[PDB]
Amino acid sequence: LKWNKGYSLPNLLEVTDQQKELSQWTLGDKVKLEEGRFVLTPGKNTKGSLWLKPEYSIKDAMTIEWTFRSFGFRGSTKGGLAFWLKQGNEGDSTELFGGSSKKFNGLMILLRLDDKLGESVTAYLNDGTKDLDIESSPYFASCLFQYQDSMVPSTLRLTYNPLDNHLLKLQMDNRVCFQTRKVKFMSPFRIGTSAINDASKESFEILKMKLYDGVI
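Residues numbered from 1 in each chain as written, not as in the entry; some residues may be left out. Heavy atoms only, no water.

1. Regarding the sheet that holds strand β6 (residues 80-86)
Remark on secondary structure: sheet strands pair via backbone hydrogen bonds, oriented parallel or antiparallel. Rule in force here: A pair of strands is treated as paired once DSSP finds two or more bridges between them. Here a helix means four or more residues in a row that DSSP labels H or I, a strand means two or more in a row labelled E, and each is numbered from the N terminus. To obtain an axis, a line is fitted to C-alpha atoms, over the contacting stretch when the element is a helix, and the angle between two such axes runs from 0 to 180 degrees between their N-to-C directions.
Within the open sheet, the seven strands sit side by side as β1-β4-β13-β6-β7-β8-β9. Their pairing is antiparallel. The strands lining the two open edges of the sheet, one partner per strand, are β1 (25-29) and β9 (141-144). When strand polarity is set aside, the average angle formed by the axes of neighbouring strands in this sheet is 15°. Where strand β4 (residues 47-52) and strand β13 (residues 190-196) come together, five bridges link them in antiparallel fashion. Counterpart to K47 in the pairing with β13 is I196.

Below, the structure is given as structure tokens:
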């Protein structure tokens, strides 16, 4: 019924000791906690990431909820915000939305201005044996979704139940974006988010993150 504190962000507003309360998280590149939320991309042409340090081992089912926003810029850009669920064998690199090597094993859910859909969520699967090329390489699922330049946060909710033959549901603001059974590897995996902006200074921000050891 309750969230796994070990694989969640603490209440960020209530954070008094950054070191202790975030000890399970790796802050990558330019990410900074400012006035109750993480700003992934606080400056012009910056990147930033939040990754859970411990790998997660699903028991029966799992729910991840990220609360995020993009503030300060509406217009054309190559920048975007990614949410990750990826198997091990690291070797760092941030070429893919401040978060990964073009070559990876797992799921990348991207909020960006897609050249053809516009503002959207697009979901990508890679198996570790290829270079994901955002233009060529296909997404397996998507929805149109307005995120640019809003103070009002959005919630991405990923539910996954291996016991229901790997049903994965992605909701945005409690509205279904997609459901699928094509994502199956979830063995332990790493959970995180990353973003990159450009000179227009889009501010990609994380306000909350909870993992639950079940479907809600």
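Resuming the write-up.
2. Comments concerning the pattern of salt bridges
Short version of the rule: Salt bridge, as used here: a side-chain nitrogen of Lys or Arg that lies within 4 Å of a carboxyl oxygen of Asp or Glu. Summary of the burial criterion: residues with accessible area below 20% of their type's maximum are buried, those above 50% are exposed, and those between are partly exposed, where the area comes from a 1.4 Å probe applied to protein chains only.
Counted by the stated rule, this structure contains nine salt bridges. For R69, the salt bridge goes to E205, with nearest N and O atoms at 2.9 Å. Judged by its relative accessible area of 18%, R69 is buried. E205 sits in the buried class, given a relative accessible area of 1%. Notably, a salt bridge pairs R181 with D164, separated by 3.2 Å at the nearest N-O pair. Note that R181 is positioned in the loop between β12 (175-180) and β13 and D164 in the loop between β10 (154-161) and β11 (167-172), a separation of 17 residues in sequence. Through salt bridges with shared partners, one network takes in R37, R69 and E205.

3. Considering the pairing of β6
For β6, the buried fraction is high: seven of the seven residues fall into the buried class. Relative to strand β7 (residues 105-114), β6 runs antiparallel, the two sharing seven bridges. Counted as the bridge partner of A82 is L110 from β7.

4. A few points about the side chain of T67
Here is the rule we go by: Contacts between residues were defined by any pair of non-hydrogen atoms, one from each residue, lying within 4.5 Å.
Looking at where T67 falls in the secondary structure, it is placed in strand β5 (residues 62-71). What makes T67 buried here is its relative accessible area of 12%. Setting aside anything within four residues of it in sequence, one finds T67 in contact with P153, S154, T155, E205, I206, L207 and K208.

5. What to know about the state of the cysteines
Quick reminder of the rule: When the sulfur atoms of two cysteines come within 2.5 Å, that pair is taken as a disulfide.
Per the stated rule, a full pass over the model turns up one disulfide. A sulfur-sulfur distance of 2.0 Å marks the disulfide that ties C143 to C177. Handedness of the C143-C177 disulfide follows from its S-S torsion of about -100°: it is left-handed. Highlighted residues: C143 in strand β9 and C177 in strand β12, separated in sequence by 34 residues. Side by side, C143 and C177 carry an identical accessibility label, which is buried.

6. Re the sheet that holds β11
Read from one edge to the other, the open sheet built from seven strands follows the order β2-β3-β14-β5-β10-β11-β12, with strand pairing classed as antiparallel. At either margin of the open sheet sits one strand with a lone partner, and together these are β2 (32-34) and β12. Sheet twist, expressed as the mean angle between neighbouring strand axes with direction ignored, is 25°. Here strand β3 (residues 37-39) pairs with strand β14 (residues 203-212) via two bridges, running antiparallel. Note that in β14 the partner of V39 across the bridge is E205.

7. Some points on the pairing of β11
Bridging between β10 and β11 involves six bridges; their strand directions are antiparallel. By the bridge assignment for β11, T159 is matched with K169. The antiparallel hairpin formed by β10 and β11 contains five residues in its connecting segment, where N165 sits at a positive phi of about 50°. Note that β11 and β12 share five bridges and pair antiparallel. Each bridged residue has a counterpart across the sheet, and for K169 the counterpart in β12 is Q179. Counted along the chain from β11 to the antiparallel partner β12, the turn is two residues long, and its residue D173 has a positive phi close to 50°.

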